[PDB]
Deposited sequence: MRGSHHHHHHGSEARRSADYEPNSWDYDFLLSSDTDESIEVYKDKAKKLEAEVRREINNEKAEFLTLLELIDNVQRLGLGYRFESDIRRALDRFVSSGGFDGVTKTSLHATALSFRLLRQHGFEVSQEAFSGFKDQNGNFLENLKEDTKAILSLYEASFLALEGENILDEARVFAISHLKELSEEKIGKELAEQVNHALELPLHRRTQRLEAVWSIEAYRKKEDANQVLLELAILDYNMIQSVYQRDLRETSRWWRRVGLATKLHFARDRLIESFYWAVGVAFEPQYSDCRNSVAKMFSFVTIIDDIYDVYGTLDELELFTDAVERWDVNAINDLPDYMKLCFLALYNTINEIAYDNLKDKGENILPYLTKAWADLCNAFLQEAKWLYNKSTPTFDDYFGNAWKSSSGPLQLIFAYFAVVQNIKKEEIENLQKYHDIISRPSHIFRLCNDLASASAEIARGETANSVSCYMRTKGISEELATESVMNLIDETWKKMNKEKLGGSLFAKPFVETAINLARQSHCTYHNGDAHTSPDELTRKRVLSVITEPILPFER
């Protein structure tokens, strides 16, 4: 495979193989107790090894379904029901929210006594986030579960169990990124006395092994950044190359995706610079020229651009033409049209923002946001990821992406929202209206708290839609759908509060890229 301990690794190569095999045997063990089998799969996934046993995990889930599994314990234990529900759906299996109806009273509410078992509550909570539109029971399940977890103290349950709850409350499993979940779960798993030493070692090894790939990737990308040295010449621009790669890892963590990673990290870096040129540095007349230049994509015309924009455009022009050349050489297809198109759209979105600002405009939430998620660069990032993740491009798919299909628009919605939500307070208090939350206030004539709650709910409804795209009725390949969704995941993991906001970030970036995980004891 493209991720085996032979294609990547190479004696450690031998230690990995032995451990990996042992785990496979465990997932495939047909004499295993279903509940134990599911908790195994759960650990393997949280620990970050799920991709390596993708096939095995399905095999297991299939035998579980084909035999009905514990179709009787779906009335006996909430924990099992929730875990099985979450895992089955996670893997495309069909499951009904009615599998929980047997946990509600006459009035139609989850029994109170359930709160006693803090484990089953966490499992239900986690399962609620994989809901679709219409599944009210799951919506109620989350409201019910959070009400209990909120109160839980370290004393009531214990240091270990409490960390689990605070972790879930911070960000649900379904929404956190694979790597971020991995670093946390490993540290948490290595502390357990009953921790599987074989699995623990594989997790550690595999994590550091992949992490090395990242460093090698960020290494070449940095080579590029330096030669381009766009930040050093543009005294106003900010450098965010490392921040960009970290972002990229969220979107495409699988090692085999170095391409997609470098492609997103480069794009995000450029989005950063060009973003500033539009809302802080350039004048409308200049932005107007830049926008026009991107649309024409003519190098023999970069002379109509002011010095600094000329330097910026050329760097962009080449980087893109370079990506196009790669595809041509590897796919025998000319994808330049689509790529340059994505940029024309983003710049026009950026220009729309610049104009609204200069003209003191106050567009309705609907209009502002409709432009905001496009100016987030999310859809552009995905369009680029598409060509880097799928080996066989289909005319039909690219056309849909070009028209901003829900597969990339939806996750972009969240991206923009999580962002504006972070800057909401500051920008609002600073008298600014250039913020989704602010528009929602003015448009609905409501307080900040109310506006914020609505943004949150809007996000929840978006997730439900995304979950449907992933479950079924999709034109795109599941892989890309998960990549698209990853952008939403990364947005949730990137815009937070914390310790210090800037502190939790520095830590994560170091835990995800720089520093490896402490060796196995």
{"query": "Missing stretches, numbered from 1 on the deposited chain sequence and kept in order", "finding": "1-22, 33-40, 529-531, 555"}
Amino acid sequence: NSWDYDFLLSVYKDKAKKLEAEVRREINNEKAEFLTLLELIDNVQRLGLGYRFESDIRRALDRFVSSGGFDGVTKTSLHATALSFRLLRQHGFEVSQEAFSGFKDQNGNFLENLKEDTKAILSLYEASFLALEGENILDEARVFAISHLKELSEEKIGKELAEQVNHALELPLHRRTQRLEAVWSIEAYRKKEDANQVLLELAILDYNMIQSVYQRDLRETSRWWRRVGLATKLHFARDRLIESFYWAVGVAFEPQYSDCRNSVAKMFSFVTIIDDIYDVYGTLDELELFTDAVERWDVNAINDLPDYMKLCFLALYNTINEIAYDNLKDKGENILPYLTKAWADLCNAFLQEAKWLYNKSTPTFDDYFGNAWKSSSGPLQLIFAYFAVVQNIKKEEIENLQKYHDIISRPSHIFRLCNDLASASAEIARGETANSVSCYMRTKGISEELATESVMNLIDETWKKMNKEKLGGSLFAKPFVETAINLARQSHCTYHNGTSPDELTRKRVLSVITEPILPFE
From here on, numbers count along this sequence of modelled residues.
property: 35-43 versus 60-68 - greater average Cα B-factor per the deposited record; result: 60-68
property: 234-242 versus 440-448 - greater average Cα B-factor per the deposited record; result: 234-242
property: Maximum C-alpha temperature factor, selected from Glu126, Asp406, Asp345, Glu193; result: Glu193
property: Candidate set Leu421, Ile157, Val271, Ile320 [ranked by C-alpha B-factor, highest]; result: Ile157
property: Third assignment of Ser474 from its chain's C-alpha B-factors; result: highest
property: Third of chain Cα B-factors occupied by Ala188; result: middle
property: Third of the chain, ranked by Cα B-factor, where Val198 sits; result: middle
property: Lowest, middle or highest third - CA B-factor, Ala168; result: middle
property: Third assignment of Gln178 from its chain's C-alpha B-factors; result: lowest
